[PDB]
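Next up, structure tokens for two forms of one chain, structure 1 and then structure 2.
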Structure 1
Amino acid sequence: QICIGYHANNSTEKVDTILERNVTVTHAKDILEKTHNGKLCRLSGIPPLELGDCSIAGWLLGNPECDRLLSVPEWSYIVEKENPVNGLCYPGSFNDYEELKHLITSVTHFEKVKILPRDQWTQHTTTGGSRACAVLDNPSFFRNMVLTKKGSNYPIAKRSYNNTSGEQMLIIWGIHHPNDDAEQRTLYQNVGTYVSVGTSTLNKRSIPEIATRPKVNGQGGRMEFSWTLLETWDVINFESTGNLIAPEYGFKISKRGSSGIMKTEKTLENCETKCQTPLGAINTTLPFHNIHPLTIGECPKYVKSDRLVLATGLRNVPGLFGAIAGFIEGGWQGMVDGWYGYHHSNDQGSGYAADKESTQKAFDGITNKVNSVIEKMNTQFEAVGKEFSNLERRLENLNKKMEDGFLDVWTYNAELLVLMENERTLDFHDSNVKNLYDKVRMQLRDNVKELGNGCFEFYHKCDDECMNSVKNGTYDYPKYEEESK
């Protein structure tokens, strides 16, 4: 006789299908990335800027507590602790601050340059500081910033700078808001002052806004900062009748795109990644992951899922077409070089021979299925975490609804795709075995008896040569047409 059979093994891998849960299969492929390396890493060769617990404002203004910082000239993203300790040491605010953060999120070059040496403010006092910025602990001040009356006069404070640096330049300035009209006169002599800044494209003025306020870092006063991007060869003009907090430096900046800020206590560790999360980096070909929604880089789609396992092998039995676990009741652990094949028995022996033709065709098909699911997934650079101020709650919620919206689409589609394709893979195997069975059946015709269990019992002697012809589709029916029926 000769029987048609299929592979079984010792596998305990389970998959789900649209019709059935926890099916054991001989082989399966997990498409959900669940692991990371526990490290903060460089992105495509370039490290993050690490701010420790300094804020971007604290760093750029020169909060004295941010002195021992260490600022690379180039970075691919920014790492901050969740709530930075050192920001505006002299209390106040920073206009369009989240727009500024977004801009410097990834740069190809960054370099501080002295643009308005403080000693050239020759008719104002320049040494003013505050205990709120105290070092050691004498009053001090933002190290990058500088004006009060000299003797008893505050003449117009007017200076300009031409960006001949070769790159666009980031420039910050501020205006001080005193406690009361008496302090206004003490510091700046005149009341009703202004700070004007102008370039070819920016025209901005602030005036002092005096109010009674509780002390913050010991001070009732506030400083309000603003910023601009000065283009190559343009001029910035400062013009103030008082209250100006002038920059001494500006920042040369070249951008190669935008990135984002990552909130984490982790420190850079000298490895390479293409996809960073606050928990660690991911290195994967898989199309989905569930590590963390706030990633930076070229990452798989984040889904709300614990498990996405594609079946690749067949039901492990140690279907639509009725053969596997069907009229062929069980698998063969003894057939090791194929998914499908034969067992024979005659005068010369017995028995297993894998069918390489249908096995290979199936392997190729399932390889294509898997490649299709994984490769079709687009993966461009994105930074998920975003910055919004406390008066942009609606905009932060819009962003959230959008991220939530995409998370629902992808999680549902990923779960359904796996269930549907798993059903079809199981049926594909079932069909391949049925077809191999019928291939034999249709060769033998009435020269053999169809037992009903996968086996054919010949009506003639069928030796090893005969058997081989049955297995490769060249069985000579007329030759044995003598039936003994």
Structure 2
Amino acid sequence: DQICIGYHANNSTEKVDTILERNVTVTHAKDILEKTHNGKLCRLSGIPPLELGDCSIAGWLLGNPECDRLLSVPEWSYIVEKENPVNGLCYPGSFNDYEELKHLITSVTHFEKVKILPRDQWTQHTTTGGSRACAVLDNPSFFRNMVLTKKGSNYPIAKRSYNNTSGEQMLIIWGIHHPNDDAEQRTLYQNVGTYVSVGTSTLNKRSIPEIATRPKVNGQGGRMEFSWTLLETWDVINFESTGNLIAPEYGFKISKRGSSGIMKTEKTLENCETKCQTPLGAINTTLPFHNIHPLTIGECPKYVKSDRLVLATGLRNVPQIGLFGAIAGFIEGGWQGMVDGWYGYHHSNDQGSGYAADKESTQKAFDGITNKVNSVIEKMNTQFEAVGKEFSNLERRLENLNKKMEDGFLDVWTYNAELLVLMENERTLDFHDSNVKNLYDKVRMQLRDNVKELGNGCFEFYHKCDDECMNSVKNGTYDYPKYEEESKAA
């Protein structure tokens, strides 16, 4: 009669690395690295992205004729654009503090156009001024959200105002025209030596037109320079100009949800839903890390420069035909026949044989490994982030500093993730090793000299041991007083 201590083996060819060993085959393993995306551009927490396609934010807000059929949701979580949007300032020029503007309208509630300065009420000015650079049909056209040239032969001082009674912060854009030459100034605005002034309770600005010689861009040597401000509720904005004013017709009511970013991609909305979007597609995961794309938006796993992070959950797989020396050691191989536990017994007596999982050590192992995997996964913080940022080409240093920070964390997470995995795997294999070793000793210390140690994790009894006796061994209530029979040993 005999009982033998042993451990589970199977047909897994799954491999993991440890600190001490490479490519160890384990019975089971879990990948903590998310590599797959659904390939879709989705909504984020129910709220869709604003889809700009070929238009830039400036193009959209000024109303570049080529952005007319923009869908323009009432509410958005992020903004989707193509890499180098072709439709922006159709009439050539610049846009002050453009990047701050973008960052501001990145996530909105609540977004409503308002006709703050009706085209029709500039009664003493011509209002149909257009350009072939903004051509439609084609005829000379212009930014649709914007409007002034002399009426006949007179450019009276233009004085209009607007009180923000919309019940919300209003974004307002305006421009100044920089003519090509003096004759052009006088033919457009009659007056020379002009200005454009804009005032609110916090904004103070007066611009003078700059008449100079420049190359043609979209066929035009002239330039238009735009600025913007946030008009507070119940506050007034006053425009005054003797010429060169590019007036807005509309302002924009803004309620900031939070702060998001702009995603560059050629994909379009679908729904689908996600908590984490990438330019490649969305990510749905529990895992602490991913390697899909650095530029994400939402609550995402830590991005790492890794192609594989696999945790061992089972033990070393040793099918047959360690710090503790049990597994692949003094018990030379695992049992494929023992399918209902991690560690257990094989027995032979008169009544037969012989596999039985040990429920106690098995359940300790299940509870332990589950805890370990859960620790590694659950302790990871996950706050909302919009990685990609916008910088002008005179902000290269600021851009480089942002890049240096993202690279820094990447290096920290990657190295930390890789080593954590190598170190825990080593521990996990030793944990199994030790459980086996302790099971063997549990049996050895019960039986004492009522049995012989045969090697290979086996015990031969110096007495008959029936199924009831075997149970007592397996559940730790073996009765040693019975040391006779046993002198059968001598």
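Please note that residue numbering is based on structure 1, beginning with 1 at the start of its sequence. We call the rigid core whatever largest set of C-alpha positions still superposes within 1.5 Å between the two forms.
Superposing on the rigid core, which residue among 212, 152, 380, 164 shifts its Cα by at least 2 Å between structures 1 and 2? Going through each option, the one that shifts is 152.
Does the distance between the two CA positions of residue 190 reach 2 Å or more between structures 1 and 2, the core being superposed? The answer is yes, as the C-alpha of residue 190 shifts between structures 1 and 2 by 2 Å or more after core alignment.
For residue 469, CA displacement between structures 1 and 2 after the core is overlaid, in Å: Between its two positions, the C-alpha of residue 469 lies 0.5 Å apart after core fitting.
In Å, how large is the C-alpha displacement of residue 453 between structures 1 and 2 after the rigid core is aligned? It moves 1.2 Å at the C-alpha.
Residue 479: how large is its C-alpha shift between structures 1 and 2, with the rigid core as the superposition reference, in Å? So the C-alpha of this residue moves 2.3 Å.
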